[PDB]
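Please read the structure below before turning to the comments.
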């Protein structure tokens, strides 16, 4: 229920379930395969 | 939301984006071209 | 020509210009036109996509703000022994927009205005110190605000029969209620209000200059409906006005000198700059002096 | 890569692994990557269908909670003989999120934030003990809260004409009303607020480190509209803020040592562990000692 | 709208709206400088763009400064008008000012020249505070130098007036409306009480 | 395969045979400012090879009582070569970075360095309410040292510093670290003399130790600006 | 139509209302060095707007006994702005020029200036067998004056100087001259600190004269490098 003329007056938006943890956990140019020696 | 019978009772109308600055900036009978000497 | 503008204009990239007979930086101010030199023709620019909105500078948004237009304080008490000038539990105010300068200057930024006026009335009450040196509580009082056309008969006392309001619009509101709100339509006999009037509104020579009664919305008569209490109170009524559905014509130079009266545009200016009669802008040492020069 | 995650990941059953050249439990921390060893490769697991939701850890949910950002108490009375420092029926507050530590730490968990701020104002009143040693009742007062941009002219007294609020946004609310609520948009001149600023916001060397005025929402000026009563009261105004429509960038290590000032990240720590400068975590006897060992 | 470049104690009224230029015997001499802020008191304040912009807190976009030469027809001369982006002091020599944005103006049949101050800002908008030296408010400087000289015959006036105007372009925008600091009152106006009589 | 690496920018090249991959900050690569994000309307200058090249700073000595070292970008490079000249002559700056930290020793040496790039590392002062001064923050080419690396000199924790882009130089494993940093600012461009986008911090979590003959073990930092662009040409500020 | 002219390079613009066309040296326009003529194999730096902009030199005074003035390119611009910085930091230079000479007076004034661009103006000395020294040739921003403009200070004739690219500033006709110079060298690039490709010479063939009240009549030179490219990046020589 938003009867105001400004879009920023609306309620909170809690429907963004998109994630990308790799940018914090695997920030390497070359990816690593499972079980293979990384180094 | 306007349930009143008179049209002037409605909320403000902020949806008029039409402009004509030339009537204040170029009020000349003959227009001026870009780069050409005006005088 | 007319066009719909929702964002600021984009910038296009430009290259070196060495064309004979083309001088975009040269202009002729004497024609009265504003210079049309684009940034692309003055310097070398890049491509910029401008997404800055322009909706906050719309005339509707610029003017449709509730601004204080009236503030009146009066004593709610027994007024048998009061003077003639005192407001005996009621007051009458000729509606105008020239009493408070913040809204007046913005309205005077234009020559012609057409709008409906949203009116908000806020009431506050305090216990009078003199006589009743002790505080006993604030009473929830009923107030009547009656719209009376300019020049028509206004009530002469709190219990006047004119308050019956057979045809006059009246609003009754409590102090504990939210501020009372009504909408007065655009009521000028002309197609727009005259913010400035270079003439006299009378057929003789003894009239008032600059005052057009066709531009006066009317009179607001505000009374306390309740009869007086054994103790006295001070009641302050604040009237706020918000223009809406606004059309504006012929923008004007803004007011620089302080206002003197609500009846004319008389000017005196401050004693010294800024906003003095001989110097609007504050002085600096010389035209070669930078007021806020960065020195490291 | 980007993916939509609504529940925790399922577990797949695994068998005995005796493969040469495959060492999923060995990692290289020096690369800076987090270990990718799955539970399926470390032990033998079963099949588990995980239905646990992850919506409570959403950044919007994590931050869109109304938290106290301001608490100001002032005396509502006759202030003719008051001192210059005292709040004479009104106060002005520079809006910030660094005064109360619970919201400040959560906001400082990130480097960049973009959000609109929902502002809630709650007013309480008490009868002043000194002078009026007796209780007579709580008055229903009207308060005005005016938003003034950072650095602009703020009112200097309760009855200042600056309160007319020609263009400034103002909200009038009663104490008996529910707490007043407004929404301030995301108003930074940049695309996001800078929670931490490694620089100086002035072109000279005498500026303030870490303080970017572009990240200050503005000023809130709160006054009692009613004129003073014959007796004095104490009025407490609480301002709560709730971020909404939040975007967050570059999460940061959480604050460990107690905050010292709202103007910087100066640190001292507690006298002893926990949260001491030399020992964040509370001590134990040795690395071979279990703090809460079960002994039966 | 006209700038009040000559905002000095020696200039009264209309004399504040023009800048006097005379013949000099030294080369590369500075004539005048114009500060940057349209949200602060100065030559740009009492202009249409300045007055409207002081109703708001945030501004963006390019400006244009138009100078009209009001000397005699026999008066000749060349000037240089330079916009300097912020960061350092206002240039005091032509060799330093010409390194920034500039236009060389030659007097002739076209009596007006335009220097464009392009929007060169790190942030999308510039905001107003009471700190003129902030990195979110400072725009730079404008300086005027003689390119060659002002040369007039014996029967022409040896002092000639320039008139400066400033305007905003169509990429200009304003945000965060606020009460204007250019008007105020400390008491009720005259005849305001008569409205209650 | 991923132990050797060659980085070639402009006329500068660096080869390492004991690298451990390399880190791209938040999985991003530096790029020029696009039109749909640009603000300044003047045509920028892009020196390319003249400024997008490795600059080697003065080496620091890894000691037993070392607490760590830090440099601030773009402050550390603001007076070096054509990049410094462009910074001094322009009001607005934008670029990313490529950081290469070098430290070699013998197979009998042990020690671990956390090499972390911190965005907007706003430093706090110890045991005082006064904010750090200009001289405490702007150190230039020399850089500064950590007063309390345990709290990253800002009241946070060093243990949680891995949330930032980082690598480790472990003497038994690798002798170099490489971090690629994109432009990281709330604004598309910034004034390079008053704000620092990045802070490179090298902290010896595991102290240097060995029982061989003691030798000086220096740490060297080479920083290459990437996708440099400058706006607002005027006289040099210096 | 051909009396007015606007030249816009970088962030600099010049307008003139009393021009007399303008001269392109030998009917050529400046351009970057093509691959089929390139020699140096390193990637050049092309600052574009940072260096391809008008630089205004110090004005000189036209007197009754004036013999003429000269400046040498690229020597005169070798220590001005980003062009000077690029010259100091690079071993090899290549660019053309756009020269604009300004001189205005009243309609009662008379005088003619020959504004001529001379390629490889090797100067000779008067009444001696010794070659001119380094300080006699390299004057920098200030430039020099003509000892014997009648022979162009080199034993040739001023009357035949019109074979070089040139214009005239005649006070009754025009107040400015504009010459466009391409790259003019035997080699594709050159060391900018030891060789001068061009010499701008302004010679008052007809002396300045009038019977009005005497006023100072200066001559101003604005030179814009064009299609600048620099090779061989190293430390600044200055």
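Here are some notes:
- Residue match in the range E:185-195 (condition: buried (at least 21 other Cβ atoms within 10 Å of the Cβ), at negative phi and over 15 Å from the mean Cα position of the chain (by Cα)): no
The rows are residues; the columns are (1) without any contact (Cβ under 8 Å) to a residue 24 or more places away in the chain; (2) outside any loop (DSSP other than H, G, I, E, B); (3) at the interface with chain C (Cβ under 9 Å from one of its Cβ atoms).
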position	(1), (2), (3)
D:132	no, no, yes
D:152	no, no, no
D:166	yes, no, yes
D:171	no, yes, no
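- Scanning the range D:40-75 for residues that are part of a strand (DSSP E or B) and within 11 Å of another protein chain (Cβ to nearest Cβ) yields a count of 1.
- Qualifying residue in the range C:279-287 (condition: surrounded by fewer than 20 Cβ atoms within 10 Å (Cβ to Cβ) and in contact with a helix residue (DSSP H, G or I) (Cβ under 8 Å, 6 or more places away or on another chain)): no
- Flag: residue D:157 matches the condition of being surrounded by fewer than 18 Cβ atoms within 10 Å (Cβ to Cβ), assigned to a loop (DSSP other than H, G, I, E, B) and more than 13 Å from chain C (Cβ to nearest Cβ).
- Any chance residue F:32 is surrounded by fewer than 22 Cβ atoms within 10 Å (Cβ to Cβ) and either under 28 Å from residue G:53 (Cα atoms) or in contact (Cβ under 8 Å) with a residue 60 or more places away in the chain (or both): yes
- Leading residue by the ranking (nearest to the other protein chains (Cβ to nearest Cβ)) among those in the range C:234-266 that are surrounded by fewer than 16 Cβ atoms within 10 Å (Cβ to Cβ) and within 30 Å of residue C:91 (Cβ to Cβ): C:261
- Count of residues meeting criterion [under 16 Å from residue D:142 (Cα atoms) and either under 27 Å from the mean Cα position of the chain (by Cα) or in a loop (DSSP other than H, G, I, E, B) (or both)] in the range D:76-90: 4
- Residues in the range D:189-199 that are in a loop (DSSP other than H, G, I, E, B) and away from chain C (no Cβ under 14 Å): D:192, D:195, D:196, D:197, D:198.
- Condition met for residue C:185 (more than 14 Å from every other protein chain (Cβ to nearest Cβ) and either crowded, with 16+ Cβ neighbours inside 10 Å or touching a strand residue (DSSP E or B) at 6+ places or on another chain (Cβ under 8 Å) (or both)): no
- Single residue of the range F:111-147 satisfying the filter (more than 7 Å from chain D (Cβ to nearest Cβ), assigned to a loop (DSSP other than H, G, I, E, B) and touching a residue at least 60 places away in the same chain (Cβ under 8 Å)) that is nearest to residue D:277 (Cα to Cα): F:147
- Selection status of residue D:107, part of a strand (DSSP E or B) and either over 31 Å from the mean Cα position of the chain (by Cα) or in contact (Cβ under 8 Å) with a residue 60 or more places away in the chain (or both): no
- Residues of the range G:78-97 that are touching a strand residue (DSSP E or B) at 6+ places or on another chain (Cβ under 6 Å), surrounded by 23 or more Cβ atoms within 10 Å (Cβ to Cβ) and either without any contact (Cβ under 8 Å) to a residue 40 or more places away in the chain or over 30 Å from residue F:8 (Cα atoms) (or both): G:96, G:97.
- Tallying residues that are at the interface with chain D (Cβ under 7 Å from one of its Cβ atoms), touching a helix residue (DSSP H, G or I) at 6+ places or on another chain (Cβ under 8 Å) and assigned to a loop (DSSP other than H, G, I, E, B) within the range F:153-164 yields 1.
- In the range C:24-39, the residue that is surrounded by the fewest Cβ atoms within 10 Å (Cβ to Cβ) out of those that are closer than 18 Å to residue G:6 by Cα and more than 7 Å from chain E (Cβ to nearest Cβ) is C:36.
- Residue, nearest to the other protein chains (Cβ to nearest Cβ), within the range F:35-70, restricted to residues that are surrounded by 18 or more Cβ atoms within 10 Å (Cβ to Cβ) and farther than 30 Å from residue G:44 by Cβ: F:70
- Just one residue in the set G:202, G:219, G:237, G:223 is assigned to a loop (DSSP other than H, G, I, E, B) and within 24 Å of residue G:52 (Cα to Cα); that residue is G:237.
- Positions within the range E:83-99 being over 16 Å from residue E:139 (Cα atoms) and buried (at least 22 other Cβ atoms within 10 Å of the Cβ), in sequence order: E:94, E:98, E:99
- Qualifying position, being more than 7 Å from every other protein chain (Cβ to nearest Cβ), in contact with a helix residue (DSSP H, G or I) (Cβ under 6 Å, 6 or more places away or on another chain) and over 30 Å from residue C:213 (Cβ atoms), among C:14, C:82: C:14
- Candidate set: the range D:210-226, residues that are at the interface with another protein chain (Cβ under 7 Å from one of its Cβ atoms) and either touching a helix residue (DSSP H, G or I) at 6+ places or on another chain (Cβ under 6 Å) or in contact (Cβ under 8 Å) with a residue 60 or more places away in the chain (or both); chosen: the one nearest to residue F:138 (Cα to Cα): D:213
- The range E:124-147, residues that are farther than 30 Å from residue E:73 by Cβ, in contact with a helix residue (DSSP H, G or I) (Cβ under 7 Å, 6 or more places away or on another chain) and either within 11 Å of chain G (Cβ to nearest Cβ) or part of a loop (DSSP other than H, G, I, E, B) (or both): E:129, E:136
- Criterion: in contact (Cβ under 8 Å) with a residue 40 or more places away in the chain, under 25 Å from residue G:10 (Cα atoms), surrounded by 24 or more Cβ atoms within 10 Å (Cβ to Cβ) and within 8 Å of chain G (Cβ to nearest Cβ) - qualifying residue of E:80, E:103: E:80
- Qualifying residue in the range E:8-24 (condition: crowded, with 17+ Cβ neighbours inside 10 Å, out of contact with any helix residue (DSSP H, G or I) (no Cβ under 6 Å at 6 or more places or on another chain), assigned to a loop (DSSP other than H, G, I, E, B) and at the interface with chain C (Cβ under 7 Å from one of its Cβ atoms)): no
- Check on residue C:114, closer than 26 Å to residue E:180 by Cβ, part of a loop (DSSP other than H, G, I, E, B), more than 10 Å from chain D (Cβ to nearest Cβ) and touching a residue at least 12 places away in the same chain (Cβ under 8 Å): no
- Of all residues making up the range C:227-257, the number that are without any contact (Cβ under 8 Å) to a residue 24 or more places away in the chain and either touching a strand residue (DSSP E or B) at 6+ places or on another chain (Cβ under 6 Å) or over 30 Å from residue C:164 (Cβ atoms) (or both): 2
Heads up, the Cβs are rebuilt from the backbone with ideal geometry, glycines too, and the neighbour counts pull from every protein chain shown. Values in this text are rule-based calculations from the coordinates and carry no lab data.
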